[PDB]
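Coordinates as given in target-v6.cif (mmCIF, C-alpha atoms):
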data_start
#
loop_
_atom_site.label_atom_id
_atom_site.label_comp_id
_atom_site.auth_asym_id
_atom_site.auth_seq_id
_atom_site.Cartn_x
_atom_site.Cartn_y
_atom_site.Cartn_z
CA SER A 1 73.40 125.74 90.28
CA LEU A 2 74.68 122.21 90.78
CA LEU A 3 78.28 122.50 89.59
CA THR A 4 79.10 124.99 92.34
CA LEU A 5 78.09 122.51 95.03
CA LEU A 6 79.64 119.56 93.21
CA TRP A 7 82.98 121.29 92.78
CA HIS A 8 83.00 122.45 96.41
CA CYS A 9 81.00 120.14 98.68
CA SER A 10 82.80 117.84 101.09
CA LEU A 11 84.53 114.92 99.39
CA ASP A 12 82.97 112.45 101.83
CA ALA A 13 79.50 113.69 100.90
CA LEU A 14 80.47 113.26 97.26
CA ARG A 15 81.12 109.57 97.90
CA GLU A 16 77.71 109.21 99.55
CA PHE A 17 75.76 111.11 96.90
CA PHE A 18 77.43 109.50 93.89
CA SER A 19 77.11 106.02 95.35
CA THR A 20 73.46 106.91 95.91
CA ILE A 21 73.01 107.79 92.23
CA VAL A 22 75.25 105.28 90.45
CA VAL A 23 72.50 103.25 88.79
CA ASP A 24 70.22 106.29 88.94
CA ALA A 25 72.50 107.75 86.26
CA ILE A 26 73.55 104.48 84.59
CA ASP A 27 70.10 103.85 83.15
CA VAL A 28 69.30 107.42 82.14
CA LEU A 29 72.74 107.68 80.53
CA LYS A 30 71.23 105.68 77.67
CA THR A 31 61.10 116.40 72.33
CA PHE A 32 64.51 114.79 71.87
CA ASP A 33 66.02 118.11 72.97
CA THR A 34 65.05 117.32 76.55
CA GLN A 35 66.96 114.05 76.29
CA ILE A 36 69.99 115.98 75.09
CA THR A 37 69.72 118.51 77.95
CA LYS A 38 69.55 115.78 80.56
CA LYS A 39 72.56 114.13 78.93
CA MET A 40 74.58 117.33 79.09
CA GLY A 41 73.78 117.53 82.79
CA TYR A 42 74.78 113.91 83.32
CA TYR A 43 78.13 114.43 81.63
CA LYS A 44 78.68 117.67 83.55
CA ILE A 45 78.13 115.85 86.86
CA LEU A 46 79.98 112.62 86.12
CA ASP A 47 83.11 114.43 84.93
CA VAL A 48 83.39 116.47 88.13
CA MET A 49 82.58 113.47 90.32
CA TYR A 50 85.41 111.56 88.63
CA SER A 51 87.90 114.21 89.72
CA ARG A 52 88.60 112.73 93.18
CA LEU A 53 89.25 108.97 93.28
CA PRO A 54 88.31 105.73 91.47
CA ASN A 55 80.86 99.77 93.83
CA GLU A 56 81.56 97.05 91.26
CA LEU A 57 79.74 98.34 88.16
CA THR A 58 82.09 101.37 88.01
CA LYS A 59 84.10 99.49 85.38
CA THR A 60 81.75 99.74 82.44
CA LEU A 61 80.18 103.19 82.31
CA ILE A 62 83.42 104.74 81.01
CA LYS A 63 82.85 103.51 77.47
CA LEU A 64 79.25 104.78 77.42
CA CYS A 65 80.67 108.30 77.43
CA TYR A 66 83.18 108.23 74.57
CA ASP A 67 80.81 107.02 71.84
CA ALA A 68 78.53 109.94 72.72
CA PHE A 69 80.90 112.45 71.13
CA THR A 70 81.77 110.19 68.20
CA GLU A 71 78.65 111.16 66.22
CA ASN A 72 79.40 112.18 62.64
CA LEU A 73 70.93 121.62 66.39
CA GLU A 74 73.84 123.52 67.90
CA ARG A 75 72.78 121.70 71.06
CA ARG A 76 74.24 118.65 69.34
CA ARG A 77 77.67 120.32 69.27
CA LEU A 78 77.16 121.31 72.90
CA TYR A 79 76.46 117.62 73.54
CA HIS A 80 79.68 116.70 71.74
CA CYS A 81 81.59 119.09 73.99
CA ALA A 82 79.81 117.65 77.02
CA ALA A 83 80.79 114.09 76.23
CA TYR A 84 84.33 115.08 75.30
CA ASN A 85 84.88 117.06 78.50
CA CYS A 86 83.48 114.16 80.52
CA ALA A 87 85.94 111.82 78.79
CA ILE A 88 88.77 114.28 79.43
CA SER A 89 87.85 114.11 83.09
CA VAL A 90 87.56 110.33 83.36
CA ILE A 91 90.82 109.82 81.44
CA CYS A 92 92.89 111.17 84.35
CA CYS A 93 93.51 108.02 86.39
CA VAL A 94 92.42 105.56 83.69
CA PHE A 95 94.87 105.60 80.79
CA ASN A 96 97.33 107.35 83.06
CA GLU A 97 99.79 106.15 80.42
CA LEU A 98 99.82 107.58 76.89
CA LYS A 99 97.51 106.48 74.05
CA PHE A 100 94.40 108.11 75.43
CA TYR A 101 92.26 106.90 72.47
CA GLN A 102 90.96 110.12 71.07
CA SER A 103 87.79 140.87 122.80
CA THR A 104 86.19 143.21 125.32
CA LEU A 105 85.90 146.10 122.86
CA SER A 106 84.82 143.81 120.02
CA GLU A 107 82.23 142.04 122.15
CA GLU A 108 80.73 145.28 123.46
CA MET A 109 80.66 146.71 119.94
CA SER A 110 78.77 143.61 118.84
CA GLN A 111 76.47 143.96 121.86
CA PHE A 112 75.58 147.45 120.64
CA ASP A 113 75.19 146.22 117.07
CA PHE A 114 72.81 143.75 118.70
CA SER A 115 71.00 146.57 120.50
CA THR A 116 70.38 148.29 117.18
CA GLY A 117 70.09 144.83 115.62
CA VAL A 118 71.72 146.02 112.38
CA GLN A 119 75.29 145.53 111.21
CA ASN B 1 93.93 73.43 67.99
CA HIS B 2 96.91 71.06 67.82
CA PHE B 3 100.22 71.71 66.12
CA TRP B 4 103.95 70.93 65.98
CA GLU B 5 104.01 70.28 69.74
CA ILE B 6 103.29 66.64 68.95
CA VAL B 7 105.78 67.01 66.09
CA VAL B 8 108.34 68.22 68.62
CA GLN B 9 107.73 65.19 70.82
CA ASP B 10 107.64 62.85 67.79
CA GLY B 11 109.72 64.46 65.04
CA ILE B 12 112.55 64.44 67.57
CA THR B 13 114.99 63.81 64.72
CA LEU B 14 115.84 65.34 61.35
CA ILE B 15 113.85 68.56 61.18
CA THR B 16 116.85 70.66 60.13
CA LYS B 17 120.06 70.32 58.11
CA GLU B 18 121.73 66.95 57.68
CA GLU B 19 124.32 66.90 54.92
CA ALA B 20 127.52 67.49 56.94
CA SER B 21 127.20 65.77 60.31
CA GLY B 22 128.39 67.60 63.42
CA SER B 23 126.59 70.80 62.50
CA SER B 24 123.53 68.84 61.39
CA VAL B 25 122.89 67.53 64.91
CA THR B 26 123.45 70.93 66.52
CA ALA B 27 121.06 72.66 64.12
CA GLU B 28 118.47 69.91 64.59
CA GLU B 29 118.71 70.19 68.38
CA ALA B 30 118.43 73.98 68.14
CA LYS B 31 115.22 73.60 66.15
CA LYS B 32 113.91 71.02 68.65
CA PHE B 33 114.05 73.62 71.44
CA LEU B 34 112.07 76.47 69.94
CA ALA B 35 113.14 79.98 70.92
CA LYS B 36 109.33 83.59 76.07
CA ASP B 37 106.51 85.93 75.07
CA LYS B 38 106.26 89.64 74.29
CA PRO B 39 103.41 92.14 74.69
CA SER B 40 101.79 94.17 71.92
CA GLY B 41 99.10 96.37 73.47
CA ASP B 42 95.61 97.21 72.32
CA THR B 43 94.85 98.86 68.97
CA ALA B 44 97.30 96.38 67.44
CA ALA B 45 95.43 93.16 66.55
CA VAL B 46 92.15 91.60 65.38
CA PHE B 47 89.23 93.77 66.56
CA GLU B 48 91.57 96.52 67.72
CA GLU B 49 89.29 98.79 69.65
CA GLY B 50 87.88 96.32 72.13
CA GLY B 51 91.34 96.22 73.64
CA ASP B 52 90.99 99.63 75.24
CA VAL B 53 87.58 98.41 76.38
CA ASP B 54 89.54 95.47 77.77
CA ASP B 55 91.52 98.12 79.66
CA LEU B 56 88.23 99.58 80.93
CA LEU B 57 86.52 96.92 83.00
CA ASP B 58 87.77 96.46 86.58
CA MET B 59 87.02 98.85 89.44
CA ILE B 60 85.27 96.44 91.80
#
Could I get this file's structure written as structure tokens?
Amino acid sequence: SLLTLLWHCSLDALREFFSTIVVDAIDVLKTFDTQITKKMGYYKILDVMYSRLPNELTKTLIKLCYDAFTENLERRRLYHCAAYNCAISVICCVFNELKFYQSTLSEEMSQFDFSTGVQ
Amino acid sequence: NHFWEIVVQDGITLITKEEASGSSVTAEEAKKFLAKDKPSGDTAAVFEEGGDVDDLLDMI
């Protein structure tokens, strides 16, 4: 569900919503499967929210993503992809340099559609 | 913590060649005025990978 709205909702509303959930996601960023699922979702929402424009804490959270992939059950690989895609997003404006660190008739017709009430 | 700076202001003489005068003084003076900085970038020094983190921390 969410990604459709996130990728399409008004950019101004994106500012409002993200600013509303900055620390709401900062803390939760850091059985266990549920943890992993929530973390996928967090990466999948942060990456898309990054895609527009660069609060004061905004500096740090970047790093907290990269390490997530760096781990050396398939849900774990899905998690790796989640973190890596989120990093790929956030690396757009930051490290913009190299070294990324891997009518009459119409109205009457509608009036009659109204009369039958069915289009 | 402290280094040849005080040497430079004290060892103001005879820190270079002196066996054929005329070039001795010129070489000494050249070494008095040390040859002004160049960048290196992160992932190039002690504790490499904090440097990118250094490049991570300002979007106030």
**Request:** Do a neighbour search on range 66-83 of chain A at 7 Å with only C-alpha atoms, toss out local chain neighbours closer than 5 positions, and write the hits as an MDAnalysis selection string.
**Result:** chainID A and resid 36 40 43:44
**Picked residues, the PyMOL selection byres ((chain A) within 8 of (chain B)), expected as a ChimeraX atom specification** = /A:54-60,62-63,94,101
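Coordinates place CA of residue 98 in chain A at a distance of 22.7 Å from CA of residue 37 in chain B.
In this structure, CA of residue 88 in chain A sits 9.6 Å away from CA of residue 102 in chain A.
The closest residue to residue 7 in chain B, picked from B:47, B:19, B:27, B:32 and counting all atoms listed in the file, is B:32.
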**Request:** I would like the residues chosen by the PyMOL selection byres ((chain A and resi 26) around 12) on the shown file; could you give them as a ChimeraX atom specification?
**Result:** /A:18-25,27-30,39,42-43,46,57-65
Take the residues from that selection and write them out as an mmCIF file, in the frame of the given file, keeping C-alpha atoms.
data_model
loop_
_atom_site.group_PDB
_atom_site.id
_atom_site.type_symbol
_atom_site.label_atom_id
_atom_site.label_comp_id
_atom_site.auth_asym_id
_atom_site.auth_seq_id
_atom_site.Cartn_x
_atom_site.Cartn_y
_atom_site.Cartn_z
ATOM 1 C CA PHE A 18 77.430 109.500 93.890
ATOM 2 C CA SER A 19 77.110 106.020 95.350
ATOM 3 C CA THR A 20 73.460 106.910 95.910
ATOM 4 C CA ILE A 21 73.010 107.790 92.230
ATOM 5 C CA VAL A 22 75.250 105.280 90.450
ATOM 6 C CA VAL A 23 72.500 103.250 88.790
ATOM 7 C CA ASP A 24 70.220 106.290 88.940
ATOM 8 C CA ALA A 25 72.500 107.750 86.260
ATOM 9 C CA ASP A 27 70.100 103.850 83.150
ATOM 10 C CA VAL A 28 69.300 107.420 82.140
ATOM 11 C CA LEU A 29 72.740 107.680 80.530
ATOM 12 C CA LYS A 30 71.230 105.680 77.670
ATOM 13 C CA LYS A 39 72.560 114.130 78.930
ATOM 14 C CA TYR A 42 74.780 113.910 83.320
ATOM 15 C CA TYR A 43 78.130 114.430 81.630
ATOM 16 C CA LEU A 46 79.980 112.620 86.120
ATOM 17 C CA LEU A 57 79.740 98.340 88.160
ATOM 18 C CA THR A 58 82.090 101.370 88.010
ATOM 19 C CA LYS A 59 84.100 99.490 85.380
ATOM 20 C CA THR A 60 81.750 99.740 82.440
ATOM 21 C CA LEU A 61 80.180 103.190 82.310
ATOM 22 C CA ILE A 62 83.420 104.740 81.010
ATOM 23 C CA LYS A 63 82.850 103.510 77.470
ATOM 24 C CA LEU A 64 79.250 104.780 77.420
ATOM 25 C CA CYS A 65 80.670 108.300 77.430
#
**Prompt:** Using the chain letters and numbers from the file, which residues does the PyMOL selection byres ((chain B and resi 30) around 12) grab, as a count of residues only?
**Reply:** 19
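Put simply, CA of residue 13 in chain A is 26.1 Å away from CA of residue 84 in chain A.
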Surrounding residues of residue 51 in chain A excluding itself and chain neighbours under 5 positions, 10 Å, only C-alpha atoms, as a compact mmCIF listing (two decimals) with C-alpha atoms, in the frame of the given file:
# COMPACT_ATOMS: atom_id res chain seq x y z
CA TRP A 7 82.98 121.29 92.78
CA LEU A 46 79.98 112.62 86.12
CA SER A 89 87.85 114.11 83.09
CA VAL A 90 87.56 110.33 83.36
CA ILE A 91 90.82 109.82 81.44
CA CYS A 92 92.89 111.17 84.35
CA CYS A 93 93.51 108.02 86.39
